[PDB]
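So the structure is just underneath, and the comments pick up after that.
So that the names make sense, note that chain A is the first sequence line, chain B the second, and so on, each numbered from 1. For the numbers below, each heavy atom of this structure counts, side chains included, while hydrogens, waters and symmetry mates do not.
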Amino acid sequence: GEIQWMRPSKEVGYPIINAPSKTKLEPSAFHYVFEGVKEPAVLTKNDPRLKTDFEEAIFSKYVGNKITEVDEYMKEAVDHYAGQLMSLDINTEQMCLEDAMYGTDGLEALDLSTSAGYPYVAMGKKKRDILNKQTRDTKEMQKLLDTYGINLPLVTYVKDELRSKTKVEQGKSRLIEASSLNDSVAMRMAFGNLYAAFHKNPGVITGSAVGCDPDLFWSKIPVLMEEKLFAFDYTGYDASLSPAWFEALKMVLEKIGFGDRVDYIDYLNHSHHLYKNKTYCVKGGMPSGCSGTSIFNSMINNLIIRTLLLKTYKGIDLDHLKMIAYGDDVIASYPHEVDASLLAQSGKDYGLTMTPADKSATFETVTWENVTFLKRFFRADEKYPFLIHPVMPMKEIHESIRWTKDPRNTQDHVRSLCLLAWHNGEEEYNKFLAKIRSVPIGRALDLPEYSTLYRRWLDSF
RNA sequence: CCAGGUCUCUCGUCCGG
RNA sequence: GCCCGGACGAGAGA
Ligand SMILES: [Zn+2]
């Protein structure tokens, strides 16, 4: 990923866009009950907590492009992945405008409570104004596609979310690219049957976890994996993606029967963003707020990992690779052990920055004991060993609970945290509820006991 | 008064067969 | 009771 320029959008005939500038996160009724280090992330340059320059820090992730050509390991990667997808028999037809807008089996409607993006955002024009779920009316959208076309620029916003201390001081505030409504509709007409096929088929054929429910899928994964696990983290994954990876994506797309709309992928490469009083242009890198990013990132991840196993371990058999990705996140296995430090090595040469799983300082054997996916651990039930708990550490549930975006939500919020927490066991769970109830508002909250959630889980199988 | 993407899963409220 | 479905809200994850 890399910027190609920046300039007053006036220069290019684009409106100025008015980001909001106050966090929406305020302290919770439980802000002092529970400990934590995170706080809302920097939204502006005029933020007191800044220990460095803002706009410089947020655009820092675009680290340049290491490659542009698809070498023969990538090519074989492509060939192997596409071959797997072909087994799913993905419907390769355009999706009708109505289904693309309103949903079909496996694809949810567009989100009516979010922005319609450029230019609708400078026209004070909203999705609710354009979309009607009840009549599923396409006429107005069709008219806006005709009028404004596609390939619009993406509006940038800083993500209002909790951030650690050094990421606040460092102004490492993650960014968001609001895809235009025109472009989401277009992307969903082209790709919707692909998204649907993926959503319906989380596992090792797609190499993707999109569409899984960790409370249930965790019990599938160890079976799906080969004998020996390996994993690692990326630094700035989406932004470190070089054009060669996108080309290789297009190659998988041609290969599974989407050849005719691979031009859409080019637009995810050469993207124009409007951020406040400016405009810029990026080359490579995948815009986060776009349609299908979640699938495309998972797919590339599958290409990346295949590529490095072929580079590093000569003669490796890809038919015994079993991997599941969620965008950059991935858990992977193989019948014999593979060294992630060696994979990280080969990574360097494709612009990929790979570090040991879970911020550990050294690369170590990844085991069913230390492995994490979607931030959860894997722990066999004591009573039923074949059923696996997704175990998210209390640490992060503690961070979440200390804040609210609207105290009106306290019941839902805290109870949702309960669903994540109880997997930590009955003794940790009951201590959680003790704490919650340690303040009056906590005693107003209807919370489920361990045994109800446990039984709920067992039943769900 | 508003304002801040793409998705998945789940919970909750409410309404339905 | 069990199942299936819808609108809205929220949490987490990527
Ligand atoms: Zn340009």
Side-chain angles (χ1 to χ4, degrees), chain A residues 17-24 43 103 106-118 121-122 124 126-128 132-134 154-162 173-181 183-184 187-188 191 195-196 198-200 202 208-218 234 237-238 268 273 275-276 286-298 301 324-330 372-376 390 392 396-397 399-401 403-421 445-448 453 456-457 459-460:
Chain A
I17 309 157
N18 210 54
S21 67
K22 318 174 206 60
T23 195
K24 217 151 200 194
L43 273 44
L107 198 55
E108 308 294 302
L110 285 174
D111 190 342
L112 292 180
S113 50
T114 40
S115 201
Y118 183 78
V121 67
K126 306 206 203 84
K127 270 165 151 152
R128 306 216 176 260
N132 185 271
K133 297 200 174 185
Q134 172 61 44
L154 297 68
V155 188
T156 321
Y157 301 102
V158 184
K159 191 182 162 102
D160 188 11
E161 32 147 23
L162 289 169
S173 293
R174 295 191 301 158
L175 288 173
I176 292 159
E177 318 301 324
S179 164
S180 181
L181 176 56
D183 286 304
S184 308
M187 282 296 270
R188 295 156 59 117
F191 292 123
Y195 306 167
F198 264 80
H199 296 166
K200 284 194 203 70
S208 169
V210 192
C212 82
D213 168 4
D215 292 340
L216 295 174
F217 194 59
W218 258 231
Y234 303 87
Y237 172 85
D238 304 26
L268 297 176
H273 313 242
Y275 165 53
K276 223 194 188 175
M286 201 170 285
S288 47
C290 291
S291 161
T293 58
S294 180
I295 305 266
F296 299 144
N297 280 345
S298 307
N301 201 316
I324 305 184
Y326 209 130
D328 63 320
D329 206 337
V330 75
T372 69
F373 194 37
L374 314 182
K375 296 223 160 95
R376 300 132 154 100
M392 175 181 296
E396 353 225 55
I397 290 145
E399 303 276 6
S400 168
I401 206 160
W403 304 81
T404 168
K405 274 172 179 274
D406 184 9
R408 181 228 125 91
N409 291 317
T410 299
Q411 175 76 79
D412 288 354
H413 184 188
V414 176
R415 147 166 250 160
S416 278
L417 294 188
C418 280
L419 291 207
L420 299 164
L445 305 176
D446 174 76
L447 313 175
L453 299 167
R456 220 214 163 111
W457 191 58
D459 292 346
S460 79

**Report entry** Separation between CZ of A:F296 and CZ of A:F198, rounded to the nearest 0.5 Å
**Finding:** 9.0 Å
Report task. May I have the step-by-step check of side chain to side chain contact (heavy atoms under 4.5 Å, CB included) for A:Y326 and A:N301, ending in yes or no? Result -> CA-CA 9 Å; A:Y326 209 130; A:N301 201 316; over 6 Å; no
At 4.0 Å (heavy atoms only), tell me whether [X] reaches a base, stays on the sugar-phosphate, or touches nothing.
X	answer
A:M392	sugar-phosphate
A:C212	sugar-phosphate
A:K127	sugar-phosphate

Requested in this report: Please list, in 5' to 3' order, the outermost nucleotides of RNA chain B lying under 4.0 Å from any heavy atom of chain A.
Outcome: B:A3 to B:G12
Pairing donors with acceptors under 3.5 angstrom, does anything connect the side chains of [X] and [Y]?
X	Y	value
A:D328	A:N297	no
A:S173	A:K159	no
A:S184	A:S179	yes

Query raised in the report: Which whole number of Å gives the distance between the P atom of C:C2 and that of B:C11?
Result: 13 Å
Query raised in the report: Taking the same atom, P, in C:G9 and in B:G5, what whole-Å distance lies between them?
Result: 12 Å
Requested in this report: Could you pick out which residue, A:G106 or A:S288, lies toward the 5' side of RNA chain B when each is mapped onto its nearest nucleotide?
Outcome: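 On the 5' side of the pair lies A:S288.
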Report task. Please tell me which of A:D111 and A:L419 maps to the more 5' nucleotide of RNA chain B, matching each residue to the nucleotide holding its nearest heavy atom. Result ->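 Taking each residue's closest nucleotide, the earlier one in sequence belongs to A:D111.
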Query raised in the report: The side chain of A:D412 lies closest to which of these nucleotides: C:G9, C:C8, C:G11?
Result: C:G9
Requested in this report: Treat a base pair as Watson-Crick or G-U wobble with both distances under 3.5 Å, then lay out RNA chain B in dot-bracket form, 5' to 3', with | for cross-strand pairs.
Outcome: .....||||||||||||
Using whole Å, report how far [atom1] of [X] lies from [atom2] of [N].
X	N	atom1	atom2	answer
A:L112	C:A7	CG	P	10 Å
A:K375	C:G11	NZ	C1'	14 Å
A:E399	C:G11	CD	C1'	16 Å
A:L162	C:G11	CG	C1'	12 Å
A:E161	C:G13	CD	P	10 Å
A:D328	C:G13	CG	P	14 Å
A:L420	C:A10	CG	P	17 Å
A:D329	C:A14	CG	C1'	7 Å

Query raised in the report: Looking at the rings of A:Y157 and A:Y275, which for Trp means the six-membered one, are their centres under 6.0 Å apart?
Result: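 Between A:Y275 and A:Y157, which both carry aromatic rings, the centre distance is not below 6.0 Å.
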Query raised in the report: If you measure from the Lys or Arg side-chain nitrogens to the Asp or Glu carboxylate oxygens, is any gap between A:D160 and A:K405 under 4.0 Å?
Result: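 A:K405 and A:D160: salt-bridged.
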Query raised in the report: With the threshold set at 4.0 Å, does a side-chain nitrogen-carboxylate oxygen contact exist between A:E396 and A:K375?
Result: no
